[PDB]
$ cat coords24.csv   # CSV, C-alpha atoms
chain,number,residue,atom,x,y,z
A,12,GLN,CA,0.3,2.9,5.6
A,13,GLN,CA,-1.3,0.0,7.4
A,14,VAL,CA,-0.5,-3.6,7.0
A,15,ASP,CA,-3.8,-5.3,7.6
A,16,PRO,CA,-7.3,-4.3,6.4
A,17,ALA,CA,-9.3,-6.0,9.1
A,18,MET,CA,-7.8,-3.8,11.8
A,19,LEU,CA,-9.3,-0.8,9.9
A,20,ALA,CA,-12.6,-2.8,9.9
A,21,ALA,CA,-12.0,-3.1,13.7
A,22,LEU,CA,-11.4,0.6,13.8
A,23,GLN,CA,-14.4,1.7,11.8
A,24,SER,CA,-17.1,-0.6,13.4
A,25,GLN,CA,-16.1,-1.1,17.0
A,26,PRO,CA,-17.0,1.2,20.0
A,27,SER,CA,-13.9,3.2,21.1
A,28,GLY,CA,-15.1,3.1,24.7
A,29,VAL,CA,-15.0,-0.3,26.4
A,30,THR,CA,-18.3,-2.1,26.3
A,31,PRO,CA,-19.3,-5.6,27.6
A,32,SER,CA,-21.2,-6.4,24.4
A,33,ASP,CA,-18.0,-7.0,22.5
A,34,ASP,CA,-15.0,-6.7,24.8
A,35,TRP,CA,-16.3,-8.4,28.0
A,36,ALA,CA,-12.8,-9.2,29.4
A,37,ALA,CA,-11.9,-5.5,29.6
A,38,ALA,CA,-15.4,-4.3,30.8
A,39,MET,CA,-15.5,-6.8,33.6
A,40,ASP,CA,-11.8,-5.9,34.3
A,41,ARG,CA,-12.9,-2.5,35.7
A,42,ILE,CA,-16.2,-3.4,37.4
A,43,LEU,CA,-14.5,-5.6,40.1
A,44,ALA,CA,-12.0,-2.7,40.6
A,45,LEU,CA,-8.8,-4.6,39.6
A,46,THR,CA,-6.8,-2.4,37.2
A,47,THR,CA,-3.3,-1.0,37.4
A,48,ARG,CA,-4.0,2.6,36.2
A,49,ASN,CA,-6.9,4.3,38.0
A,50,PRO,CA,-8.4,1.3,40.0
A,51,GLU,CA,-11.0,3.1,42.0
A,52,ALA,CA,-13.0,4.5,39.1
A,53,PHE,CA,-16.2,2.5,39.0
A,54,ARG,CA,-17.7,3.0,42.5
A,55,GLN,CA,-17.8,6.7,41.9
A,56,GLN,CA,-20.0,6.4,38.8
A,57,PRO,CA,-23.7,6.8,39.8
A,58,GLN,CA,-26.6,4.4,39.2
A,59,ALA,CA,-26.9,5.7,35.6
A,60,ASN,CA,-23.6,4.2,34.3
A,61,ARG,CA,-23.2,1.4,36.8
A,62,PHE,CA,-26.4,-0.6,35.9
A,63,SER,CA,-25.9,0.2,32.3
A,64,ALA,CA,-22.6,-1.7,32.4
A,65,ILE,CA,-22.9,-4.1,35.4
A,66,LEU,CA,-26.1,-5.7,34.0
A,67,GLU,CA,-24.6,-6.1,30.5
A,68,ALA,CA,-21.4,-7.7,31.7
A,69,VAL,CA,-22.7,-10.6,33.8
A,70,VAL,CA,-25.0,-11.5,30.9
A,71,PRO,CA,-23.7,-10.2,27.6
A,72,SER,CA,-25.7,-9.1,24.6
A,73,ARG,CA,-25.9,-11.1,21.4
A,74,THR,CA,-24.9,-8.8,18.5
A,75,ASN,CA,-24.5,-9.5,14.8
A,76,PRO,CA,-21.0,-9.3,13.2
A,77,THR,CA,-22.5,-9.4,9.6
A,78,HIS,CA,-22.0,-5.7,9.2
A,79,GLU,CA,-18.4,-6.0,10.5
A,80,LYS,CA,-17.1,-9.0,8.7
A,81,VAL,CA,-17.9,-7.5,5.3
A,82,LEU,CA,-15.8,-4.4,6.1
A,83,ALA,CA,-12.9,-6.8,6.6
A,84,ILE,CA,-13.5,-7.9,3.0
A,85,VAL,CA,-14.6,-4.7,1.3
A,86,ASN,CA,-11.5,-3.0,2.7
A,87,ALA,CA,-9.3,-5.9,1.7
A,88,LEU,CA,-10.5,-5.5,-1.9
A,89,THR,CA,-9.9,-1.8,-2.1
A,90,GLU,CA,-6.5,-2.0,-0.6
A,91,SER,CA,-5.4,-4.1,-3.6
A,92,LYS,CA,-7.2,-1.7,-6.0
A,93,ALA,CA,-9.7,-4.3,-7.2
A,94,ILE,CA,-12.5,-1.7,-6.6
A,95,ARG,CA,-12.3,2.1,-7.1
A,96,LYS,CA,-12.3,4.0,-3.8
A,97,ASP,CA,-15.3,6.0,-5.1
A,98,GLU,CA,-17.2,2.8,-5.2
A,99,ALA,CA,-16.9,0.9,-1.9
A,100,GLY,CA,-20.0,2.6,-0.6
A,101,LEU,CA,-21.9,0.7,-3.3
A,102,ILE,CA,-20.4,-2.7,-2.9
A,103,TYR,CA,-20.9,-2.7,0.8
A,104,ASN,CA,-24.4,-1.6,0.0
A,105,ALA,CA,-24.6,-4.7,-2.2
A,106,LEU,CA,-22.6,-7.3,-0.3
A,107,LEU,CA,-24.7,-6.6,2.9
A,108,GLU,CA,-27.8,-7.1,0.8
A,109,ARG,CA,-26.2,-10.3,-0.6
A,110,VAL,CA,-25.2,-12.1,2.6
A,111,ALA,CA,-28.5,-11.2,4.2
A,112,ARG,CA,-30.4,-12.6,1.3
A,113,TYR,CA,-28.7,-16.0,1.2
A,114,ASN,CA,-27.7,-16.1,4.9
A,115,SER,CA,-27.1,-19.3,6.7
A,116,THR,CA,-24.9,-20.9,9.3
A,117,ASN,CA,-22.5,-21.6,6.4
A,118,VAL,CA,-22.1,-18.1,4.9
A,119,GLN,CA,-21.5,-16.5,8.4
A,120,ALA,CA,-18.7,-19.1,8.7
A,121,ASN,CA,-17.6,-18.8,5.1
A,122,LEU,CA,-17.0,-15.0,5.4
A,123,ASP,CA,-15.0,-15.8,8.5
A,124,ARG,CA,-12.7,-18.1,6.6
A,125,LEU,CA,-12.2,-15.3,4.0
A,126,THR,CA,-11.3,-12.6,6.7
A,127,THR,CA,-8.3,-14.8,7.5
A,128,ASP,CA,-6.6,-15.4,4.2
A,129,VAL,CA,-6.8,-11.7,3.5
A,130,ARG,CA,-4.7,-11.5,6.6
A,131,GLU,CA,-2.2,-14.3,6.7
A,132,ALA,CA,-2.4,-15.6,3.1
A,133,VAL,CA,-2.2,-12.1,1.6
A,134,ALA,CA,1.5,-12.4,2.5
A,135,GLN,CA,2.0,-13.1,-1.2
A,136,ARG,CA,1.3,-9.4,-1.7
A,137,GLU,CA,4.1,-8.8,0.9
A,138,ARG,CA,6.1,-11.4,-1.0
A,139,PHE,CA,6.2,-10.1,-4.6
A,140,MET,CA,6.8,-6.6,-3.6
A,141,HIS,CA,10.3,-8.0,-2.7
A,142,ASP,CA,10.8,-10.7,-5.4
A,143,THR,CA,8.9,-8.3,-7.8
A,144,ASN,CA,7.8,-11.0,-10.2
A,145,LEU,CA,4.8,-8.7,-10.9
A,146,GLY,CA,6.7,-7.6,-13.9
A,147,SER,CA,10.3,-8.4,-13.5
A,148,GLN,CA,10.9,-12.2,-13.3
A,149,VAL,CA,8.1,-14.0,-15.1
A,150,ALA,CA,7.8,-11.1,-17.6
A,151,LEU,CA,11.5,-11.3,-18.4
A,152,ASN,CA,11.6,-15.1,-18.5
A,153,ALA,CA,9.5,-14.7,-21.6
A,154,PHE,CA,12.3,-12.4,-23.0
A,155,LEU,CA,15.0,-14.9,-22.2
A,156,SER,CA,12.8,-17.5,-24.0
A,157,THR,CA,12.9,-15.2,-27.0
A,158,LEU,CA,16.6,-14.4,-27.6
A,159,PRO,CA,18.6,-16.9,-29.6
A,160,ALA,CA,21.1,-18.8,-27.5
A,161,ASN,CA,23.4,-19.5,-30.5
A,162,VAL,CA,25.8,-16.5,-30.7
A,163,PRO,CA,28.8,-17.1,-33.0
A,164,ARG,CA,31.4,-14.9,-31.3
A,165,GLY,CA,31.4,-14.9,-27.5
A,166,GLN,CA,29.2,-17.8,-26.5
A,167,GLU,CA,30.1,-17.6,-22.8
A,168,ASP,CA,29.8,-13.9,-22.1
A,169,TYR,CA,26.4,-13.7,-23.8
A,170,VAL,CA,24.9,-16.0,-21.1
A,171,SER,CA,26.7,-14.1,-18.3
A,172,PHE,CA,25.4,-10.7,-19.4
A,173,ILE,CA,21.8,-11.8,-19.1
A,174,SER,CA,22.7,-13.7,-16.0
A,175,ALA,CA,23.7,-10.3,-14.7
A,176,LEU,CA,20.5,-8.7,-16.1
A,177,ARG,CA,18.1,-11.1,-14.3
A,178,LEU,CA,19.9,-10.1,-11.1
A,179,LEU,CA,19.2,-6.4,-12.0
A,180,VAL,CA,15.4,-6.8,-12.1
A,181,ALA,CA,15.6,-9.0,-9.0
A,182,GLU,CA,17.6,-6.8,-6.6
A,183,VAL,CA,15.4,-3.8,-7.5
A,184,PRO,CA,11.7,-3.8,-6.4
A,185,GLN,CA,10.8,-0.8,-8.4
A,186,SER,CA,12.0,-1.9,-11.9
A,187,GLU,CA,9.8,-3.9,-14.2
A,188,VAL,CA,9.5,-5.1,-17.7
A,189,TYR,CA,6.4,-5.5,-19.9
A,190,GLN,CA,4.8,-6.3,-23.2
A,191,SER,CA,3.8,-3.2,-25.1
A,192,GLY,CA,3.4,-3.8,-28.8
A,193,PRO,CA,5.6,-6.4,-30.5
A,194,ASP,CA,8.7,-5.6,-28.3
A,195,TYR,CA,9.6,-5.6,-24.6
A,196,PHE,CA,10.8,-2.6,-22.6
A,197,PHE,CA,12.5,-2.0,-19.2
A,198,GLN,CA,12.1,1.0,-17.0
A,199,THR,CA,14.4,1.5,-14.0
A,200,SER,CA,11.6,3.0,-11.9
A,201,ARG,CA,7.8,3.4,-11.8
A,202,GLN,CA,7.1,7.1,-12.5
A,203,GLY,CA,10.5,6.8,-14.1
A,204,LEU,CA,12.7,7.8,-17.0
A,205,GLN,CA,15.4,5.8,-18.9
A,206,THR,CA,13.2,3.4,-20.7
A,207,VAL,CA,15.4,1.1,-22.7
A,208,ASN,CA,14.2,-0.5,-25.9
A,209,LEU,CA,15.1,-4.0,-24.8
A,210,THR,CA,14.3,-5.7,-28.1
A,211,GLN,CA,16.2,-3.0,-30.1
A,212,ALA,CA,19.2,-3.4,-27.7
A,213,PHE,CA,20.0,-7.1,-27.8
A,214,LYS,CA,19.4,-7.0,-31.6
A,215,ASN,CA,22.1,-4.3,-31.7
A,216,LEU,CA,24.3,-6.4,-29.4
A,217,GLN,CA,23.8,-9.5,-31.5
A,218,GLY,CA,26.9,-9.9,-33.7
A,219,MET,CA,28.9,-7.8,-31.4
A,220,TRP,CA,29.9,-10.0,-28.4
A,221,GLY,CA,33.3,-10.8,-29.9
A,222,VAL,CA,35.3,-7.9,-31.3
A,223,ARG,CA,38.6,-7.7,-29.4
A,224,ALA,CA,38.8,-4.0,-30.2
A,225,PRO,CA,41.9,-1.9,-29.6
A,226,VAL,CA,42.1,1.0,-27.1
A,227,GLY,CA,42.5,3.7,-29.8
A,228,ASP,CA,38.9,3.8,-31.1
A,229,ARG,CA,36.2,6.1,-29.6
A,230,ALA,CA,34.0,7.8,-32.2
A,231,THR,CA,33.2,4.8,-34.4
A,232,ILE,CA,30.1,3.4,-32.6
A,233,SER,CA,27.8,6.2,-33.7
A,234,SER,CA,27.1,3.9,-36.7
A,235,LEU,CA,27.6,0.7,-34.6
A,236,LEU,CA,26.0,1.2,-31.2
A,237,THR,CA,22.7,2.9,-30.3
A,238,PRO,CA,22.5,5.3,-27.3
A,239,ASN,CA,19.8,3.2,-25.5
A,240,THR,CA,22.2,0.2,-25.8
A,241,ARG,CA,24.7,2.7,-24.4
A,242,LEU,CA,22.2,3.4,-21.7
A,243,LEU,CA,21.3,-0.2,-21.1
A,244,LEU,CA,25.0,-0.8,-20.5
A,245,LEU,CA,24.8,2.1,-18.0
A,246,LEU,CA,22.0,0.4,-16.2
A,247,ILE,CA,23.9,-2.9,-16.1
A,248,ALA,CA,27.1,-1.2,-14.9
A,249,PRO,CA,26.7,-1.2,-11.0
A,250,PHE,CA,25.6,-4.9,-10.9
A,251,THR,CA,28.5,-6.1,-13.0
A,252,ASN,CA,31.7,-7.2,-11.3
A,253,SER,CA,35.1,-7.4,-13.0
A,254,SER,CA,34.8,-11.1,-13.8
A,255,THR,CA,31.8,-10.9,-16.2
A,256,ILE,CA,33.5,-9.6,-19.4
A,257,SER,CA,37.1,-9.6,-18.4
A,258,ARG,CA,39.4,-7.1,-20.1
A,259,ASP,CA,39.7,-7.0,-23.9
A,260,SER,CA,36.3,-7.2,-25.4
A,261,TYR,CA,34.8,-3.9,-26.6
A,262,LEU,CA,32.3,-4.3,-23.8
A,263,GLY,CA,35.4,-4.2,-21.6
A,264,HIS,CA,36.0,-0.8,-23.1
A,265,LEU,CA,32.4,0.0,-22.3
A,266,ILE,CA,31.1,-1.7,-19.1
A,267,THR,CA,34.4,-1.2,-17.2
A,268,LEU,CA,34.6,2.5,-18.3
A,269,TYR,CA,30.9,3.1,-17.4
A,270,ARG,CA,31.7,1.9,-13.9
A,271,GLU,CA,34.5,4.5,-13.8
A,272,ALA,CA,32.1,7.2,-15.0
A,273,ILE,CA,29.7,6.2,-12.2
A,274,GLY,CA,32.8,6.0,-10.0
A,275,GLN,CA,33.5,9.7,-10.7
A,276,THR,CA,30.0,11.0,-9.7
A,277,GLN,CA,29.6,8.8,-6.6
A,278,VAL,CA,32.5,10.7,-5.0
A,279,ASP,CA,32.2,14.1,-6.8
A,280,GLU,CA,28.6,14.4,-5.4
A,281,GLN,CA,30.2,14.5,-2.0
A,282,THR,CA,32.5,17.2,-3.4
A,283,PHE,CA,29.5,19.0,-4.7
A,284,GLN,CA,27.8,18.8,-1.3
A,285,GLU,CA,30.8,20.6,0.2
A,286,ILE,CA,30.9,23.4,-2.3
A,287,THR,CA,27.2,24.3,-2.1
A,288,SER,CA,27.5,24.4,1.7
A,289,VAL,CA,30.6,26.7,1.9
A,290,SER,CA,29.0,29.4,-0.3
A,291,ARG,CA,26.8,30.4,2.7
A,292,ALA,CA,29.6,29.7,5.2
A,293,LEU,CA,31.8,32.6,3.8
A,294,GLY,CA,29.2,34.6,1.8
A,295,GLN,CA,28.9,34.0,-1.9
A,296,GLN,CA,26.6,35.0,-4.7
A,297,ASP,CA,24.1,32.1,-5.0
A,298,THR,CA,23.7,32.8,-8.8
A,299,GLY,CA,27.4,32.4,-9.2
A,300,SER,CA,27.5,29.4,-6.8
A,301,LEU,CA,26.7,26.9,-9.5
A,302,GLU,CA,28.1,28.2,-12.8
A,303,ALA,CA,31.8,27.7,-11.9
A,304,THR,CA,31.0,24.8,-9.6
A,305,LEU,CA,29.7,22.5,-12.4
A,306,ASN,CA,32.5,23.5,-14.8
A,307,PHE,CA,35.1,22.2,-12.4
A,308,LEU,CA,33.2,18.9,-12.1
A,309,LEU,CA,32.1,18.1,-15.7
B,878,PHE,CA,-54.0,22.4,42.2
B,879,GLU,CA,-56.4,25.1,43.4
B,880,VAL,CA,-56.6,28.1,41.1
B,881,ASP,CA,-58.3,31.5,40.8
B,882,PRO,CA,-61.8,32.1,39.4
B,883,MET,CA,-62.2,32.9,35.7
B,884,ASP,CA,-64.8,33.6,33.0
B,885,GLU,CA,-64.0,31.0,30.3
B,886,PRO,CA,-63.9,27.3,30.7
B,887,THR,CA,-60.2,26.5,30.9
B,888,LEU,CA,-57.8,23.6,30.6
B,889,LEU,CA,-55.0,22.6,33.1
B,890,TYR,CA,-51.9,22.1,30.9
B,891,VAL,CA,-49.3,19.8,32.2
B,892,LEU,CA,-46.0,19.3,30.4
B,893,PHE,CA,-44.3,16.2,31.8
B,894,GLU,CA,-40.6,16.4,30.8
B,895,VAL,CA,-40.2,12.7,30.1
B,896,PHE,CA,-37.4,11.4,28.0
B,897,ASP,CA,-38.1,11.2,24.3
B,898,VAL,CA,-35.3,9.5,22.4
B,899,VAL,CA,-35.4,8.1,18.8
B,900,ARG,CA,-32.7,5.6,17.7
B,901,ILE,CA,-32.7,5.3,13.9
B,902,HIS,CA,-30.3,3.5,11.7
B,903,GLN,CA,-30.3,2.0,8.2
B,904,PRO,CA,-28.6,-1.3,7.4
B,905,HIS,CA,-29.4,-1.1,3.7
B,906,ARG,CA,-30.3,1.2,0.9
B,907,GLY,CA,-33.9,2.3,1.7
B,908,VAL,CA,-34.5,0.2,4.9
B,909,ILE,CA,-34.6,2.8,7.7
B,910,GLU,CA,-35.8,1.6,11.1
B,911,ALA,CA,-36.8,3.7,14.0
B,912,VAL,CA,-36.7,2.8,17.7
B,913,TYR,CA,-38.6,5.1,20.1
B,914,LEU,CA,-38.7,5.6,23.8
B,915,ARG,CA,-40.7,7.7,26.3
B,916,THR,CA,-40.5,6.4,29.7
B,917,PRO,CA,-43.5,7.0,31.3
B,918,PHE,CA,-46.2,6.5,28.5
B,919,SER,CA,-44.0,3.8,27.1
B,920,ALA,CA,-43.7,3.1,23.3
B,921,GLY,CA,-41.0,1.2,21.3

$ encode --input "coords24.csv" --output "structure tokens"
Amino acid sequence: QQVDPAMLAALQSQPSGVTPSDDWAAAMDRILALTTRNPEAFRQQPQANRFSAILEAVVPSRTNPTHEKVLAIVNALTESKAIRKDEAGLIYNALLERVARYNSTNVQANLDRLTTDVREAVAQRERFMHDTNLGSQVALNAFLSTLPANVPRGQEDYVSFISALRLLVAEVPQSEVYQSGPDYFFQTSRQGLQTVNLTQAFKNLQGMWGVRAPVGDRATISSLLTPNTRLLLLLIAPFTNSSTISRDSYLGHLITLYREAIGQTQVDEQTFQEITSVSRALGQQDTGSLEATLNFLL
Amino acid sequence: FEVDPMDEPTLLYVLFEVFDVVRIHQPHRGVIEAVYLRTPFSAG
């Protein structure tokens, strides 16, 4: 939920009340009675909690940030799942033994360099959540360095389909591709369904890019296509404008018609939101509020 | 004080209520360090 780990290190090892040992500029801010909200609040403390603050502010203490700088590292390693969460009580029990064994002027200044690049040079972790080359760009640029670029029929639409497929894994942060076994896959979401067999799809689409099929043929592709190729073309449909594969290829009978099939449900869901909200507006059997509703929409 | 007469030899028990605080912490695994205070009869 947080952005930075060192703020949680500054939340688990700093005093919540204002002390002059660490925040002098706020502890002296209220001794001299110069504060906007509640100014006159330090005279009326007795000699117990005046001298226990007014001595320690005009000459500060000299504490040791060794126990605090390591929590800005041990947290920064468990935020990125390098360590198990069940385990950080051991490594801080081992790093604090480490940097007190080999302590110097250098290591106290070398940890302090390392609690800055886990703050402002950990912006790469903010970066490839957006560009998602975790598993979407550099894991697919091996796939595009695997397919043959010499297709006999349809030389131009072959390199515009994968030009529209690299855009698919780029405009979606959740989708990713990977190497499992001798073939590459592609899931549209983490914790997600609809895994396409990406090797067994472009091998099915090879020798298929030029057909120029007529518009009176529907039930032939049970022995020609494969339903995951029929689902990969479903996942390429919203990111494919009308200028990719124009009109008369058999993919124009597929990719354009898949956008119309998505174009049905992206307005009939708004119809389905109306019907399920008027069954309780007039009084309708909720068991029979979905049987006849779906049959009108399928 | 001045007290009554008795039979046995007796002892005059004084219980000064004088601040006993311990401040322990451990920076390691098996390095526990105690800081005491009692402030008359000082010890640290």

$ axis_aligned_box --input "coords24.csv" --around "stretch 895-914 of chain B" --padding-each-side "6 Å" --output "lines of an AutoDock Vina configuration file"
center_x = -34.4
center_y = 5.7
center_z = 15.5
size_x = 23.6
size_y = 26.0
size_z = 41.2

$ atom_distance --input "coords24.csv" --atom1 "atom CA of residue A:212" --atom2 "atom CA of residue A:170"
15.3 Å

$ closest_atom_pairs --input "coords24.csv" --of "chain A" --to "chain B" --cutoff "9 Å" --atoms "only C-alpha atoms" --output "CSV"
residue,atom,partner,partner_atom,distance
A:78,CA,B:904,CA,8.1
A:104,CA,B:905,CA,6.2
A:105,CA,B:905,CA,8.4
A:107,CA,B:905,CA,7.3
A:108,CA,B:905,CA,6.9

$ atom_distance --input "coords24.csv" --atom1 "atom CA of residue A:278" --atom2 "atom CA of residue A:243"
22.4 Å

$ atom_distance --input "coords24.csv" --atom1 "atom CA of residue A:304" --atom2 "atom CA of residue A:285"
10.7 Å

$ residues_near_point --input "coords24.csv" --point "(-32.8, 7.1, 17.4)" --cutoff "8 Å" --atoms "all atoms listed in the file" --output "PyMOL selection string"
chain B and resi 898-902+911-913

$ closest_residue --input "coords24.csv" --among "B:903, B:886, B:878, B:894" --to "residue B:916" --atoms "only C-alpha atoms"
B:894

$ closest_residue --input "coords24.csv" --among "A:122, A:39, A:102, A:129" --to "residue A:14" --atoms "all atoms listed in the file"
A:129

$ residues_around --input "coords24.csv" --residues "stretch 54-60 of chain A" --least-positions-apart "3" --cutoff "12 Å" --atoms "only C-alpha atoms" --output "MDAnalysis selection string"
chainID A and resid 30 41:44 49:51 63:67

$ closest_residue --input "coords24.csv" --among "A:162, A:230, A:84, A:68" --to "residue A:216" --atoms "all atoms listed in the file"
A:162

$ build_atoms --input "coords24.csv" --residues "stretch 248-262 of chain A" --atoms "N, CA, C and O atoms" --output "tab-separated table (two decimals), keeping the file's coordinate frame"
chain	number	residue	atom	x	y	z
A	248	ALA	N	25.77	-1.50	-15.38
A	248	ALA	CA	27.10	-1.20	-14.90
A	248	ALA	C	27.27	-1.48	-13.35
A	248	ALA	O	28.26	-2.13	-12.97
A	249	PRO	N	26.40	-1.00	-12.44
A	249	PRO	CA	26.70	-1.20	-11.00
A	249	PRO	C	26.51	-2.68	-10.57
A	249	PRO	O	27.11	-3.06	-9.55
A	250	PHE	N	25.75	-3.50	-11.28
A	250	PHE	CA	25.60	-4.90	-10.90
A	250	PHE	C	26.44	-5.81	-11.81
A	250	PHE	O	26.04	-6.93	-12.14
A	251	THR	N	27.63	-5.35	-12.19
A	251	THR	CA	28.50	-6.10	-13.00
A	251	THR	C	29.93	-6.04	-12.48
A	251	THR	O	30.59	-5.00	-12.59
A	252	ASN	N	30.39	-7.13	-11.86
A	252	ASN	CA	31.70	-7.20	-11.30
A	252	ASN	C	32.76	-7.36	-12.43
A	252	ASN	O	32.43	-7.50	-13.61
A	253	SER	N	34.04	-7.37	-12.04
A	253	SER	CA	35.10	-7.40	-13.00
A	253	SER	C	35.38	-8.78	-13.61
A	253	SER	O	36.31	-8.92	-14.41
A	254	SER	N	34.58	-9.78	-13.26
A	254	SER	CA	34.80	-11.10	-13.80
A	254	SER	C	33.71	-11.53	-14.80
A	254	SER	O	33.67	-12.69	-15.21
A	255	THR	N	32.86	-10.59	-15.22
A	255	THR	CA	31.80	-10.90	-16.20
A	255	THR	C	32.37	-10.91	-17.61
A	255	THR	O	32.40	-11.94	-18.29
A	256	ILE	N	32.81	-9.74	-18.08
A	256	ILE	CA	33.50	-9.60	-19.40
A	256	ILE	C	34.85	-8.99	-19.04
A	256	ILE	O	34.93	-7.82	-18.63
A	257	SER	N	35.90	-9.79	-19.20
A	257	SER	CA	37.10	-9.60	-18.40
A	257	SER	C	37.92	-8.31	-18.73
A	257	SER	O	37.88	-7.38	-17.92
A	258	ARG	N	38.63	-8.24	-19.85
A	258	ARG	CA	39.40	-7.10	-20.10
A	258	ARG	C	39.36	-6.52	-21.52
A	258	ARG	O	39.34	-5.30	-21.72
A	259	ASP	N	39.30	-7.41	-22.52
A	259	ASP	CA	39.70	-7.00	-23.90
A	259	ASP	C	38.61	-7.11	-24.91
A	259	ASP	O	38.88	-6.86	-26.09
A	260	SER	N	37.39	-7.45	-24.52
A	260	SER	CA	36.30	-7.20	-25.40
A	260	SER	C	35.96	-5.75	-25.50
A	260	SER	O	36.37	-4.97	-24.65
A	261	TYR	N	35.21	-5.35	-26.54
A	261	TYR	CA	34.80	-3.90	-26.60
A	261	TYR	C	33.83	-3.55	-25.56
A	261	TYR	O	33.74	-2.37	-25.20
A	262	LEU	N	33.10	-4.52	-25.01
A	262	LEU	CA	32.30	-4.30	-23.80
A	262	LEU	C	33.20	-4.06	-22.58
A	262	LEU	O	32.77	-3.41	-21.63
